[PDB]
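> Please find input.json (JSON, C-alpha atoms and all ligand atoms) on the next line:
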[["chain", "number", "residue", "atom", "x", "y", "z"],
["I", 1, "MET", "CA", -15.24, 12.55, 4.85],
["I", 2, "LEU", "CA", -14.94, 10.27, 1.78],
["I", 3, "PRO", "CA", -15.31, 12.05, -1.56],
["I", 4, "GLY", "CA", -17.03, 10.87, -4.70],
["I", 5, "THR", "CA", -13.67, 10.21, -6.43],
["I", 6, "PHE", "CA", -12.87, 7.66, -3.68],
["I", 7, "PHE", "CA", -16.13, 5.80, -4.49],
["I", 8, "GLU", "CA", -15.09, 5.83, -8.16],
["I", 9, "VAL", "CA", -11.82, 4.12, -7.17],
["I", 10, "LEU", "CA", -13.92, 1.43, -5.41],
["I", 11, "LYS", "CA", -15.74, 0.66, -8.70],
["I", 12, "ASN", "CA", -12.33, -0.45, -10.03],
["I", 13, "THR", "CA", -9.93, -3.23, -9.19],
["I", 14, "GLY", "CA", -6.81, -2.79, -7.16],
["I", 15, "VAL", "CA", -4.63, -3.50, -4.18],
["I", 16, "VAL", "CA", -5.36, -1.64, -0.93],
["I", 17, "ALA", "CA", -2.48, -1.15, 1.57],
["I", 18, "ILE", "CA", -2.91, -0.71, 5.34],
["I", 19, "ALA", "CA", -0.03, 0.53, 7.50],
["I", 20, "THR", "CA", 0.15, 0.15, 11.28],
["I", 21, "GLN", "CA", 2.75, 0.97, 13.96],
["I", 22, "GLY", "CA", 4.54, -1.91, 15.67],
["I", 23, "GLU", "CA", 7.21, -2.06, 18.41],
["I", 24, "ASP", "CA", 10.19, -2.10, 16.00],
["I", 25, "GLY", "CA", 8.75, -0.31, 13.00],
["I", 26, "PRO", "CA", 5.76, -0.09, 10.66],
["I", 27, "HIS", "CA", 3.82, -3.03, 9.34],
["I", 28, "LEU", "CA", 2.01, -3.19, 5.99],
["I", 29, "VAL", "CA", -0.77, -5.51, 4.81],
["I", 30, "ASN", "CA", -3.24, -5.63, 1.94],
["I", 31, "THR", "CA", -6.74, -6.17, 0.82],
["I", 32, "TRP", "CA", -8.56, -5.67, -2.52],
["I", 33, "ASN", "CA", -10.48, -2.59, -3.60],
["I", 34, "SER", "CA", -13.56, -4.77, -4.19],
["I", 35, "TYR", "CA", -13.51, -6.12, -0.61],
["I", 36, "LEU", "CA", -13.96, -2.74, 1.09],
["I", 37, "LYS", "CA", -17.40, -2.09, 2.53],
["I", 38, "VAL", "CA", -18.17, 1.56, 3.27],
["I", 39, "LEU", "CA", -20.74, 2.36, 5.97],
["I", 40, "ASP", "CA", -22.51, 5.56, 7.06],
["I", 41, "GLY", "CA", -20.46, 7.60, 9.54],
["I", 42, "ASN", "CA", -17.15, 7.51, 7.68],
["I", 43, "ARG", "CA", -16.40, 3.81, 8.26],
["I", 44, "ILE", "CA", -14.49, 1.48, 5.99],
["I", 45, "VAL", "CA", -14.76, -2.25, 6.77],
["I", 46, "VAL", "CA", -12.25, -4.87, 5.64],
["I", 47, "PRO", "CA", -12.77, -8.67, 5.91],
["I", 48, "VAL", "CA", -9.98, -10.15, 8.07],
["I", 49, "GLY", "CA", -8.62, -13.66, 7.49],
["I", 50, "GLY", "CA", -5.05, -13.14, 8.76],
["I", 51, "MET", "CA", -3.98, -9.69, 10.00],
["I", 52, "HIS", "CA", -2.63, -11.11, 13.27],
["I", 53, "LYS", "CA", 0.38, -8.82, 13.45],
["I", 54, "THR", "CA", -1.84, -5.95, 12.23],
["I", 55, "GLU", "CA", -4.41, -6.70, 14.97],
["I", 56, "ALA", "CA", -1.73, -6.73, 17.71],
["I", 57, "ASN", "CA", -0.43, -3.37, 16.42],
["I", 58, "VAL", "CA", -3.91, -1.85, 16.32],
["I", 59, "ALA", "CA", -4.64, -3.07, 19.92],
["I", 60, "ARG", "CA", -1.67, -0.90, 21.05],
["I", 61, "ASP", "CA", -2.04, 2.04, 18.62],
["I", 62, "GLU", "CA", -5.37, 2.44, 16.86],
["I", 63, "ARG", "CA", -4.05, 4.93, 14.25],
["I", 64, "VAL", "CA", -3.75, 3.48, 10.75],
["I", 65, "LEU", "CA", -3.02, 4.64, 7.21],
["I", 66, "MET", "CA", -4.57, 3.21, 4.10],
["I", 67, "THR", "CA", -3.85, 3.82, 0.41],
["I", 68, "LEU", "CA", -5.63, 2.72, -2.72],
["I", 69, "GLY", "CA", -6.08, 3.91, -6.26],
["I", 70, "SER", "CA", -6.88, 3.16, -9.88],
["I", 71, "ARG", "CA", -5.44, 3.90, -13.29],
["I", 72, "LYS", "CA", -9.04, 4.17, -14.52],
["I", 73, "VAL", "CA", -10.18, 7.16, -12.40],
["I", 74, "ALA", "CA", -9.07, 10.64, -13.41],
["I", 75, "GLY", "CA", -6.66, 12.45, -11.11],
["I", 76, "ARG", "CA", -5.96, 16.20, -11.03],
["I", 77, "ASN", "CA", -3.57, 16.33, -13.98],
["I", 78, "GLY", "CA", -4.49, 13.30, -16.11],
["I", 79, "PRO", "CA", -5.68, 9.68, -15.91],
["I", 80, "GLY", "CA", -5.02, 7.77, -12.65],
["I", 81, "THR", "CA", -5.53, 8.70, -9.01],
["I", 82, "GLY", "CA", -5.42, 7.47, -5.44],
["I", 83, "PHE", "CA", -5.92, 8.32, -1.80],
["I", 84, "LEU", "CA", -4.22, 8.45, 1.54],
["I", 85, "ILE", "CA", -6.78, 7.70, 4.29],
["I", 86, "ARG", "CA", -5.98, 8.25, 7.98],
["I", 87, "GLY", "CA", -8.25, 6.86, 10.67],
["I", 88, "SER", "CA", -8.69, 4.86, 13.81],
["I", 89, "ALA", "CA", -9.05, 1.07, 13.65],
["I", 90, "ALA", "CA", -10.85, -1.56, 15.64],
["I", 91, "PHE", "CA", -11.34, -5.31, 15.15],
["I", 92, "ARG", "CA", -14.84, -6.76, 15.57],
["I", 93, "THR", "CA", -16.00, -10.35, 15.66],
["I", 94, "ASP", "CA", -19.72, -9.59, 16.04],
["I", 95, "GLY", "CA", -22.26, -6.76, 15.70],
["I", 96, "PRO", "CA", -23.33, -4.93, 12.56],
["I", 97, "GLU", "CA", -19.82, -3.99, 11.38],
["I", 98, "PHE", "CA", -18.77, -7.64, 11.41],
["I", 99, "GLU", "CA", -22.08, -8.60, 9.74],
["I", 100, "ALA", "CA", -21.25, -6.16, 6.93],
["I", 101, "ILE", "CA", -18.43, -8.51, 5.74],
["I", 102, "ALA", "CA", -19.63, -11.87, 7.15],
["I", 103, "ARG", "CA", -20.49, -13.00, 3.60],
["I", 104, "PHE", "CA", -16.74, -13.70, 3.34],
["I", 105, "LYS", "CA", -16.76, -17.06, 5.12],
["I", 106, "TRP", "CA", -13.01, -17.00, 5.63],
["I", 107, "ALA", "CA", -13.30, -13.80, 7.70],
["I", 108, "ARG", "CA", -12.53, -14.31, 11.37],
["I", 109, "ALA", "CA", -13.12, -10.62, 12.04],
["I", 110, "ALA", "CA", -13.81, -7.21, 10.55],
["I", 111, "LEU", "CA", -11.25, -4.41, 10.53],
["I", 112, "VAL", "CA", -13.26, -1.20, 10.96],
["I", 113, "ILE", "CA", -11.51, 2.06, 10.08],
["I", 114, "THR", "CA", -13.22, 5.25, 11.19],
["I", 115, "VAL", "CA", -11.87, 7.85, 8.74],
["I", 116, "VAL", "CA", -10.40, 11.09, 10.09],
["I", 117, "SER", "CA", -9.07, 12.38, 6.71],
["I", 118, "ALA", "CA", -9.00, 11.38, 3.08],
["I", 119, "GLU", "CA", -6.50, 13.10, 0.78],
["I", 120, "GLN", "CA", -6.45, 12.59, -2.98],
["I", 121, "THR", "CA", -2.69, 12.37, -3.58],
["I", 122, "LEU", "CA", -2.68, 12.39, -7.40],
["D", 1, "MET", "CA", 15.88, -13.20, -4.45],
["D", 2, "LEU", "CA", 12.83, -11.59, -6.22],
["D", 3, "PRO", "CA", 10.81, -14.41, -7.72],
["D", 4, "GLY", "CA", 9.27, -14.86, -11.15],
["D", 5, "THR", "CA", 5.76, -14.29, -9.76],
["D", 6, "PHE", "CA", 6.86, -10.81, -8.62],
["D", 7, "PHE", "CA", 7.94, -9.98, -12.22],
["D", 8, "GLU", "CA", 4.56, -11.27, -13.39],
["D", 9, "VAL", "CA", 2.85, -8.76, -11.07],
["D", 10, "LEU", "CA", 5.07, -6.07, -12.68],
["D", 11, "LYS", "CA", 3.69, -6.99, -16.15],
["D", 12, "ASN", "CA", 0.35, -5.77, -14.77],
["D", 13, "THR", "CA", -1.06, -2.43, -13.71],
["D", 14, "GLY", "CA", -1.51, -1.46, -10.09],
["D", 15, "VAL", "CA", -0.80, 0.74, -7.13],
["D", 16, "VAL", "CA", 2.42, 0.15, -5.17],
["D", 17, "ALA", "CA", 2.57, 1.20, -1.48],
["D", 18, "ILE", "CA", 5.74, 2.20, 0.37],
["D", 19, "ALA", "CA", 5.80, 2.50, 4.19],
["D", 20, "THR", "CA", 8.41, 4.30, 6.23],
["D", 21, "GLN", "CA", 8.86, 5.11, 9.90],
["D", 22, "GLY", "CA", 7.70, 8.67, 10.64],
["D", 23, "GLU", "CA", 8.33, 10.67, 13.82],
["D", 24, "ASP", "CA", 4.91, 9.96, 15.22],
["D", 25, "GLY", "CA", 3.78, 6.76, 13.42],
["D", 26, "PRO", "CA", 4.12, 5.21, 9.95],
["D", 27, "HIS", "CA", 4.00, 7.07, 6.69],
["D", 28, "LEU", "CA", 2.60, 5.55, 3.49],
["D", 29, "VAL", "CA", 3.05, 6.74, -0.13],
["D", 30, "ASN", "CA", 2.48, 5.24, -3.58],
["D", 31, "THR", "CA", 3.75, 4.68, -7.03],
["D", 32, "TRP", "CA", 2.49, 2.63, -10.02],
["D", 33, "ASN", "CA", 3.51, -0.95, -10.80],
["D", 34, "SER", "CA", 4.79, 0.13, -14.22],
["D", 35, "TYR", "CA", 7.10, 2.78, -12.73],
["D", 36, "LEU", "CA", 9.32, 0.26, -10.90],
["D", 37, "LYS", "CA", 12.67, -0.51, -12.46],
["D", 38, "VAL", "CA", 14.38, -3.66, -11.16],
["D", 39, "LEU", "CA", 18.17, -3.87, -11.34],
["D", 40, "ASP", "CA", 20.53, -6.72, -10.53],
["D", 41, "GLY", "CA", 21.67, -7.04, -6.92],
["D", 42, "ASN", "CA", 18.08, -7.04, -5.60],
["D", 43, "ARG", "CA", 17.36, -3.34, -6.33],
["D", 44, "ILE", "CA", 13.95, -1.80, -7.02],
["D", 45, "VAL", "CA", 14.12, 1.79, -8.27],
["D", 46, "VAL", "CA", 11.16, 4.21, -8.01],
["D", 47, "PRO", "CA", 10.96, 7.69, -9.64],
["D", 48, "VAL", "CA", 10.63, 10.39, -6.97],
["D", 49, "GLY", "CA", 8.67, 13.58, -7.60],
["D", 50, "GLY", "CA", 7.29, 14.31, -4.15],
["D", 51, "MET", "CA", 8.28, 11.97, -1.32],
["D", 52, "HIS", "CA", 9.90, 14.72, 0.72],
["D", 53, "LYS", "CA", 8.38, 13.36, 3.98],
["D", 54, "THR", "CA", 9.29, 9.77, 2.94],
["D", 55, "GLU", "CA", 12.86, 10.97, 2.18],
["D", 56, "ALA", "CA", 13.19, 12.60, 5.61],
["D", 57, "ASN", "CA", 11.93, 9.37, 7.23],
["D", 58, "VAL", "CA", 14.46, 7.26, 5.28],
["D", 59, "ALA", "CA", 17.31, 9.58, 6.43],
["D", 60, "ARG", "CA", 16.37, 8.68, 10.05],
["D", 61, "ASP", "CA", 15.55, 4.99, 9.42],
["D", 62, "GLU", "CA", 16.53, 3.36, 6.14],
["D", 63, "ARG", "CA", 14.16, 0.39, 6.59],
["D", 64, "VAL", "CA", 11.11, 0.38, 4.28],
["D", 65, "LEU", "CA", 8.20, -1.93, 3.44],
["D", 66, "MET", "CA", 6.60, -2.16, -0.01],
["D", 67, "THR", "CA", 3.48, -3.97, -1.19],
["D", 68, "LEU", "CA", 2.10, -4.55, -4.65],
["D", 69, "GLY", "CA", -0.11, -7.08, -6.41],
["D", 70, "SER", "CA", -2.44, -7.92, -9.25],
["D", 71, "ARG", "CA", -5.83, -9.57, -9.71],
["D", 72, "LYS", "CA", -4.39, -11.04, -12.95],
["D", 73, "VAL", "CA", -1.57, -13.16, -11.49],
["D", 74, "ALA", "CA", -2.50, -16.43, -9.78],
["D", 75, "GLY", "CA", -1.77, -16.77, -6.06],
["D", 76, "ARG", "CA", -1.48, -20.04, -4.12],
["D", 77, "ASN", "CA", -5.26, -20.60, -3.78],
["D", 78, "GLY", "CA", -6.95, -18.74, -6.62],
["D", 79, "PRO", "CA", -6.63, -15.79, -9.00],
["D", 80, "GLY", "CA", -4.86, -12.76, -7.54],
["D", 81, "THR", "CA", -1.65, -12.32, -5.60],
["D", 82, "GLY", "CA", 0.82, -9.86, -4.18],
["D", 83, "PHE", "CA", 3.99, -9.31, -2.21],
["D", 84, "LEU", "CA", 5.42, -7.82, 0.91],
["D", 85, "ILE", "CA", 8.95, -6.53, 0.27],
["D", 86, "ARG", "CA", 11.30, -5.51, 3.08],
["D", 87, "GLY", "CA", 14.46, -3.63, 2.30],
["D", 88, "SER", "CA", 16.66, -0.63, 2.90],
["D", 89, "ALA", "CA", 16.21, 2.64, 1.01],
["D", 90, "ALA", "CA", 18.46, 5.39, -0.36],
["D", 91, "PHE", "CA", 17.77, 8.43, -2.58],
["D", 92, "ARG", "CA", 20.02, 8.96, -5.62],
["D", 93, "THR", "CA", 20.28, 12.13, -7.65],
["D", 94, "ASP", "CA", 23.01, 11.21, -10.16],
["D", 95, "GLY", "CA", 24.68, 8.13, -11.62],
["D", 96, "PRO", "CA", 23.30, 4.84, -12.96],
["D", 97, "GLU", "CA", 20.54, 4.42, -10.37],
["D", 98, "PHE", "CA", 19.15, 7.87, -11.12],
["D", 99, "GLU", "CA", 19.56, 7.29, -14.86],
["D", 100, "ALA", "CA", 17.46, 4.11, -14.42],
["D", 101, "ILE", "CA", 14.34, 6.30, -13.93],
["D", 102, "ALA", "CA", 15.40, 9.59, -15.55],
["D", 103, "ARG", "CA", 12.81, 8.89, -18.37],
["D", 104, "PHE", "CA", 10.38, 10.40, -15.92],
["D", 105, "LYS", "CA", 11.06, 14.05, -16.71],
["D", 106, "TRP", "CA", 9.38, 15.18, -13.48],
["D", 107, "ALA", "CA", 11.71, 13.10, -11.26],
["D", 108, "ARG", "CA", 13.94, 14.87, -8.72],
["D", 109, "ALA", "CA", 15.50, 11.63, -7.41],
["D", 110, "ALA", "CA", 15.49, 7.84, -7.57],
["D", 111, "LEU", "CA", 14.35, 5.88, -4.53],
["D", 112, "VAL", "CA", 16.54, 2.76, -4.50],
["D", 113, "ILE", "CA", 15.28, -0.12, -2.38],
["D", 114, "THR", "CA", 17.73, -2.94, -1.75],
["D", 115, "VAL", "CA", 15.52, -5.93, -1.06],
["D", 116, "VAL", "CA", 16.23, -8.09, 2.03],
["D", 117, "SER", "CA", 13.11, -10.30, 1.62],
["D", 118, "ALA", "CA", 10.15, -10.79, -0.64],
["D", 119, "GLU", "CA", 7.13, -12.71, 0.59],
["D", 120, "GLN", "CA", 4.19, -13.73, -1.59],
["D", 121, "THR", "CA", 1.35, -13.10, 0.85],
["D", 122, "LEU", "CA", -1.54, -14.61, -1.15],
["Z", 1, "LIG", "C1", -3.70, -8.30, -2.85],
["Z", 1, "LIG", "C2", -3.85, -8.90, -1.46],
["Z", 1, "LIG", "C3", -5.08, -8.98, -0.86],
["Z", 1, "LIG", "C4", -5.22, -9.55, 0.39],
["Z", 1, "LIG", "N1", -6.49, -9.57, 0.97],
["Z", 1, "LIG", "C5", -6.57, -9.89, 2.34],
["Z", 1, "LIG", "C6", -7.77, -9.65, 2.99],
["Z", 1, "LIG", "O1", -8.79, -9.17, 2.46],
["Z", 1, "LIG", "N2", -7.84, -9.97, 4.34],
["Z", 1, "LIG", "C7", -6.77, -10.53, 5.02],
["Z", 1, "LIG", "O2", -6.88, -10.81, 6.22],
["Z", 1, "LIG", "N3", -5.57, -10.69, 4.36],
["Z", 1, "LIG", "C8", -5.48, -10.40, 3.02],
["Z", 1, "LIG", "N4", -4.26, -10.55, 2.40],
["Z", 1, "LIG", "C9", -3.08, -10.95, 3.23],
["Z", 1, "LIG", "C10", -2.62, -9.76, 4.13],
["Z", 1, "LIG", "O3", -2.00, -8.75, 3.35],
["Z", 1, "LIG", "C11", -1.60, -10.21, 5.18],
["Z", 1, "LIG", "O4", -0.46, -10.77, 4.53],
["Z", 1, "LIG", "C12", -2.17, -11.31, 6.11],
["Z", 1, "LIG", "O5", -3.52, -10.99, 6.51],
["Z", 1, "LIG", "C13", -1.29, -11.44, 7.36],
["Z", 1, "LIG", "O6", -1.41, -10.23, 8.14],
["Z", 1, "LIG", "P1", -0.35, -9.88, 9.32],
["Z", 1, "LIG", "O7", 1.02, -9.77, 8.66],
["Z", 1, "LIG", "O8", -0.84, -8.60, 9.90],
["Z", 1, "LIG", "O9", -0.42, -11.05, 10.34],
["Z", 1, "LIG", "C14", -4.11, -10.04, 1.09],
["Z", 1, "LIG", "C15", -2.88, -9.98, 0.47],
["Z", 1, "LIG", "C16", -2.73, -9.43, -0.81],
["Z", 1, "LIG", "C17", -1.34, -9.40, -1.42],
["Z", 2, "LIG", "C1", -1.30, 5.80, -7.62],
["Z", 2, "LIG", "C2", -0.27, 6.86, -7.18],
["Z", 2, "LIG", "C3", 0.95, 6.93, -7.81],
["Z", 2, "LIG", "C4", 1.89, 7.89, -7.41],
["Z", 2, "LIG", "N1", 3.12, 7.91, -8.03],
["Z", 2, "LIG", "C5", 4.15, 8.66, -7.48],
["Z", 2, "LIG", "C6", 5.45, 8.49, -7.91],
["Z", 2, "LIG", "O1", 5.78, 7.67, -8.79],
["Z", 2, "LIG", "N2", 6.42, 9.28, -7.30],
["Z", 2, "LIG", "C7", 6.13, 10.23, -6.33],
["Z", 2, "LIG", "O2", 7.05, 10.94, -5.90],
["Z", 2, "LIG", "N3", 4.84, 10.35, -5.88],
["Z", 2, "LIG", "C8", 3.86, 9.57, -6.46],
["Z", 2, "LIG", "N4", 2.60, 9.71, -5.96],
["Z", 2, "LIG", "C9", 2.39, 10.59, -4.78],
["Z", 2, "LIG", "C10", 2.96, 9.95, -3.47],
["Z", 2, "LIG", "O3", 2.13, 8.84, -3.09],
["Z", 2, "LIG", "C11", 3.01, 10.95, -2.31],
["Z", 2, "LIG", "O4", 1.68, 11.39, -2.01],
["Z", 2, "LIG", "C12", 3.86, 12.20, -2.65],
["Z", 2, "LIG", "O5", 5.07, 11.82, -3.35],
["Z", 2, "LIG", "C13", 4.27, 12.99, -1.38],
["Z", 2, "LIG", "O6", 5.16, 12.18, -0.60],
["Z", 2, "LIG", "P1", 5.41, 12.49, 0.95],
["Z", 2, "LIG", "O7", 4.07, 12.41, 1.71],
["Z", 2, "LIG", "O8", 6.42, 11.49, 1.37],
["Z", 2, "LIG", "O9", 5.99, 13.94, 1.01],
["Z", 2, "LIG", "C14", 1.60, 8.79, -6.37],
["Z", 2, "LIG", "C15", 0.36, 8.71, -5.76],
["Z", 2, "LIG", "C16", -0.60, 7.76, -6.15],
["Z", 2, "LIG", "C17", -1.94, 7.73, -5.44],
["Z", 3, "CL", "CL", -10.32, -5.51, -6.56],
["Z", 4, "CL", "CL", 0.77, 0.44, -13.49]]
Can you give me the file's structure in the form of structure tokens?


Amino acid sequence: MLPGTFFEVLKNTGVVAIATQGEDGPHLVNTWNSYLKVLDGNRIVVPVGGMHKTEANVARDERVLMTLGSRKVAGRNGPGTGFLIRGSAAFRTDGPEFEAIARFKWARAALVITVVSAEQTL
Amino acid sequence: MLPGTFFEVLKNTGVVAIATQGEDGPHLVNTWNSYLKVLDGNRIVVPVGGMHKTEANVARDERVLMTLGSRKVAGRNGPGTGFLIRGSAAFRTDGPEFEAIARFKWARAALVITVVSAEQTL
């Protein structure tokens, strides 16, 4: 599900954005490119310190969107690219998906996104 | 209302994320930090090439969220910061707000976000 160009983006620095659906509109939070941990089976794991509103949204609607990119990875028509990822999210406080990001001692949980599609948008 | 630290983030490269309310959940698109033009009266202007789905969403619900950041600008508790911006959006196709981004020869419109709040989230 995740292409090589996505893994090239993860070798570079940047701001990741994660959109969820809430009762009165979308919500949008961040992490860093370097914090994402990709697992077998199309999973992207994010260390969670805050994400309280995000977690409440995900408990009611698991579908999330994530974007990320880098000036330093070539896109289709010149330098710079990024991705729109769609997937289903879950929060974990134990098990191997939590252990994947437990090195971040500030992490109360892991946000685990099981990818359904990845689109290179540039 | 946009603070100095936000303009510091704009001196740096990065991926900007813009969330809108879609018919069946959020939508999320991107631009680059360096593409944003800030005008007086709390306005952030983005060059629009695609964004047809985003534009349809804004016509139904003008409220948008935007995030952006940089590893190179100090946050409250170490290196790296970013912002959550909430505002209302409109799409201009002539006049000073369009001229503000017309340097992008591929632009079909200017996305004008009038900022209601800016929160440094790191
Ligand atoms: C560049 C950047 C990176 C961030 N990294 C994280 C992160 O890895 N994990 C986290 O929980 N919050 C991180 N934050 C803060 C979140 O974006 C968010 O503001 C916070 O978790 C509160 O989430 P909520 O609004 O869903 O309650 C980061 C913020 C920025 C601007
Ligand atoms: C890093 C990055 C920068 C982008 N810059 C722009 C931009 O400045 N303007 C634009 O219209 N689309 C830009 N795109 C593409 C949009 O994110 C989006 O995929 C496209 O405009 C289609 O919008 P829509 O899904 O609302 O129809 C960029 C994509 C990436 C990954
Ligand atoms: Cl990073
Ligand atoms: Cl940039």

> Return as number ranges by chain every polymer residue, whether protein, DNA or RNA, with at least one atom no more than 10 Å from an atom of ligand CL 3 (chain Z); count all atoms listed in the file.

I: 9-16, 31-36, 70; D: 70-71, 80

> Once chain I has been least-squares superposed onto chain D, matching all their Cα atoms in order, can you return it as a CSV table (one decimal) with C-alpha atoms, keeping the file's coordinate frame?


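The resulting file, part-v3.csv, is reproduced below:
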chain,number,residue,atom,x,y,z
I,1,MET,CA,15.6,-12.4,-3.9
I,2,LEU,CA,12.7,-11.4,-6.2
I,3,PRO,CA,10.8,-14.4,-7.6
I,4,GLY,CA,9.3,-14.9,-11.0
I,5,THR,CA,5.7,-14.3,-9.7
I,6,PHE,CA,6.8,-10.8,-8.6
I,7,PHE,CA,8.0,-10.1,-12.2
I,8,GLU,CA,4.6,-11.3,-13.4
I,9,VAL,CA,2.9,-8.7,-11.1
I,10,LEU,CA,5.1,-6.0,-12.8
I,11,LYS,CA,3.6,-7.0,-16.2
I,12,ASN,CA,0.2,-5.8,-14.8
I,13,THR,CA,-1.2,-2.5,-13.7
I,14,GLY,CA,-1.5,-1.5,-10.1
I,15,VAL,CA,-0.8,0.7,-7.1
I,16,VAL,CA,2.4,0.1,-5.2
I,17,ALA,CA,2.5,1.2,-1.5
I,18,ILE,CA,5.7,2.2,0.4
I,19,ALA,CA,5.7,2.5,4.2
I,20,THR,CA,8.4,4.3,6.2
I,21,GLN,CA,8.9,5.1,9.9
I,22,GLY,CA,8.5,8.7,11.0
I,23,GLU,CA,8.8,10.4,14.4
I,24,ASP,CA,5.1,10.1,15.4
I,25,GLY,CA,4.1,7.1,13.4
I,26,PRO,CA,4.3,5.4,10.0
I,27,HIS,CA,4.0,7.1,6.7
I,28,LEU,CA,2.6,5.6,3.4
I,29,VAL,CA,3.1,6.7,-0.2
I,30,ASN,CA,2.5,5.2,-3.6
I,31,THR,CA,3.8,4.6,-7.0
I,32,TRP,CA,2.5,2.5,-10.0
I,33,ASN,CA,3.5,-1.0,-10.8
I,34,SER,CA,4.6,0.1,-14.3
I,35,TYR,CA,7.0,2.7,-12.8
I,36,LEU,CA,9.2,0.2,-10.9
I,37,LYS,CA,12.6,-0.5,-12.5
I,38,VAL,CA,14.3,-3.6,-11.2
I,39,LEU,CA,18.1,-3.8,-11.4
I,40,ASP,CA,20.6,-6.6,-10.9
I,41,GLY,CA,21.6,-7.1,-7.2
I,42,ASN,CA,18.0,-7.1,-5.8
I,43,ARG,CA,17.3,-3.4,-6.3
I,44,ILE,CA,14.0,-1.8,-7.0
I,45,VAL,CA,14.0,1.8,-8.3
I,46,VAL,CA,11.1,4.2,-8.1
I,47,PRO,CA,11.0,7.7,-9.8
I,48,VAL,CA,10.5,10.4,-7.1
I,49,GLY,CA,8.6,13.6,-7.8
I,50,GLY,CA,7.4,14.3,-4.2
I,51,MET,CA,8.2,11.9,-1.4
I,52,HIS,CA,9.6,14.7,0.8
I,53,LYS,CA,8.2,13.3,4.0
I,54,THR,CA,9.2,9.8,2.8
I,55,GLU,CA,12.8,11.0,2.1
I,56,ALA,CA,13.1,12.6,5.6
I,57,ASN,CA,11.9,9.3,7.2
I,58,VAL,CA,14.4,7.3,5.1
I,59,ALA,CA,17.3,9.6,6.0
I,60,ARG,CA,16.7,8.7,9.7
I,61,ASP,CA,15.6,5.0,9.3
I,62,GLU,CA,16.5,3.3,6.0
I,63,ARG,CA,14.1,0.3,6.5
I,64,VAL,CA,11.1,0.3,4.3
I,65,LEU,CA,8.2,-1.9,3.4
I,66,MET,CA,6.6,-2.1,0.0
I,67,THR,CA,3.5,-4.0,-1.2
I,68,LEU,CA,2.0,-4.5,-4.6
I,69,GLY,CA,-0.1,-7.1,-6.4
I,70,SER,CA,-2.4,-8.0,-9.3
I,71,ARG,CA,-5.8,-9.7,-9.7
I,72,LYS,CA,-4.4,-11.1,-13.0
I,73,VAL,CA,-1.5,-13.2,-11.5
I,74,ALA,CA,-2.3,-16.5,-9.9
I,75,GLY,CA,-1.8,-16.8,-6.1
I,76,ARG,CA,-1.5,-20.0,-4.1
I,77,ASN,CA,-5.2,-20.8,-3.8
I,78,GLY,CA,-6.8,-19.0,-6.9
I,79,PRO,CA,-6.5,-15.9,-9.0
I,80,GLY,CA,-4.9,-12.8,-7.6
I,81,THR,CA,-1.6,-12.3,-5.6
I,82,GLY,CA,0.7,-9.8,-4.1
I,83,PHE,CA,3.9,-9.3,-2.2
I,84,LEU,CA,5.4,-7.8,1.0
I,85,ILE,CA,8.9,-6.6,0.2
I,86,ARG,CA,11.3,-5.5,3.0
I,87,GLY,CA,14.5,-3.6,2.2
I,88,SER,CA,16.8,-0.7,2.8
I,89,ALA,CA,16.2,2.6,1.0
I,90,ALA,CA,18.3,5.4,-0.3
I,91,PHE,CA,17.6,8.5,-2.4
I,92,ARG,CA,19.9,9.3,-5.4
I,93,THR,CA,20.0,12.3,-7.6
I,94,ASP,CA,22.8,11.1,-9.9
I,95,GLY,CA,24.7,7.9,-10.8
I,96,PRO,CA,23.3,4.8,-12.6
I,97,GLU,CA,20.4,4.2,-10.3
I,98,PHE,CA,19.1,7.7,-10.9
I,99,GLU,CA,19.8,7.3,-14.6
I,100,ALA,CA,17.6,4.1,-14.6
I,101,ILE,CA,14.5,6.4,-14.0
I,102,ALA,CA,15.7,9.7,-15.5
I,103,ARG,CA,13.4,9.2,-18.5
I,104,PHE,CA,10.6,10.4,-16.1
I,105,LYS,CA,11.4,14.1,-16.5
I,106,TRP,CA,9.4,15.0,-13.4
I,107,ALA,CA,11.7,12.9,-11.2
I,108,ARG,CA,13.9,14.9,-8.9
I,109,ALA,CA,15.4,11.7,-7.5
I,110,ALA,CA,15.4,7.9,-7.5
I,111,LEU,CA,14.2,5.9,-4.5
I,112,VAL,CA,16.4,2.8,-4.5
I,113,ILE,CA,15.2,-0.2,-2.4
I,114,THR,CA,17.8,-2.9,-1.8
I,115,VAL,CA,15.5,-6.0,-1.1
I,116,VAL,CA,16.2,-8.1,2.0
I,117,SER,CA,13.1,-10.3,1.7
I,118,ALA,CA,10.1,-10.8,-0.6
I,119,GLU,CA,7.1,-12.7,0.7
I,120,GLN,CA,4.2,-13.7,-1.5
I,121,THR,CA,1.3,-13.0,0.9
I,122,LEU,CA,-1.6,-14.5,-1.2

> Residues of chain I within 10 Å of chain D, using all atoms listed in the file, as number ranges by chain?

I: 13-22, 24-32, 61, 63-71, 80-85, 121-122

> For residue 62 of chain D, find every residue with an atom within 7 Å (counting all atoms listed in the file), except residues of its own chain fewer than 2 positions away, and show them as a PyMOL selection string.

chain D and resi 58-60+64+88-89

> Using only C-alpha atoms, find all polymer residues with an atom at most 7 Å away from the point (-13.4, -9.7, 2.1); report them as an NGL selection string.

:I and (35 or 46-48 or 101 or 104 or 107)

> I need the residue nearest ligand LIG 2 (chain Z) from this list: D:103, D:43, D:86, D:72. Use only C-alpha atoms and all ligand atoms for the distance.

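Checking each candidate against ligand LIG 2 (chain Z), we get D:103 as the closest.
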
> Using only C-alpha atoms, pick whichever of D:109, D:78, D:117, D:37 has the shortest atom-to-atom distance to residue 49 of chain D.

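Of D:109, D:78, D:117, D:37, the one nearest residue 49 of chain D is D:109, counting only C-alpha atoms.
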
> Measure the distance from atom CA of residue 106 of chain D to atom CA of residue 38 of chain D in Å and round it to one decimal.

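Rounded to one decimal, the two atoms are 19.6 Å apart.
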